[PDB]
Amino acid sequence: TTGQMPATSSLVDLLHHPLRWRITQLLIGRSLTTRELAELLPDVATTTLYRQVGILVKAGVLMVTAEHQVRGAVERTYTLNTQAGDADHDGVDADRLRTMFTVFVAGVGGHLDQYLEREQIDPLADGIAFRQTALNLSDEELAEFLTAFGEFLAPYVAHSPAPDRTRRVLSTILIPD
C-alpha cells in the first residue's frame, strides 16, 4: 500500500537510521508483531530490534493495530502510521526536500544491499528493475494520474502472502523538468 516519504522533520530525522528504515519498510501494507519483525531481521540483535520498534511507535511512525494475550503476556501488532507520513507536506523547503530524498534513496540502497547478500542472484529472474518514463502532464492531469495509478495498483496490493509469492517493494520518484 502506497506510503509517501514522511515530511515531518522529526520522522525524517529518525529514518536516517538504517535499522529504523528497514523496520518501517517491512511494515508497508501489513501488520506484524515485534516477534515477527525480529524473525525477518535475523542479523539484528533481538533486544535492539525491540528497542527500535519502541522508538518508532513512541514517535508515531508506527501505530498499534492489536494487542492480545500470548503465553500469559501481552503482544502488540504494529503497522505504518500512514497518517503520519501524510502530514506537513506543504511547508517543505529545499533543505527538507533534499534530506527526504537522501534518506529515501539510502533506505532503498540498503534494501538492495540486503538482496545482494543472497547466496545466489539473478537480477533479471529476481525481478530487480530500475526504470524511467517521461510524461507530459498538467498539474491537474498529474492529480488524476496519481489517483488512477493507485487504482491500477489496487488489485495487486490485494494479494495475500503465499508459498509462490515474494514480497516486492516498488519505489517511485516523480520530479518535473
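Start at 1 and count along the sequence shown; that's the residue number.
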Seminar exercise, completed: Entry B factor averaged over C-alpha atoms, 116-124 against 22-30: higher for 116-124
Exercise. Per the PDB record, is the mean Cα temperature factor higher over 43-51 or over 62-70?
Worked result: 62-70
Problem set entry | Assigned third (lowest, middle, highest) for the C-alpha B factor of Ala38 | highest
Problem set entry | Entry-reported Cα temperature factor of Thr79, expressed as the chain third it lands in | middle
Exercise. What third of its chain's C-alpha B-factors does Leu97 belong to: lowest, middle or highest?
Worked result: middle
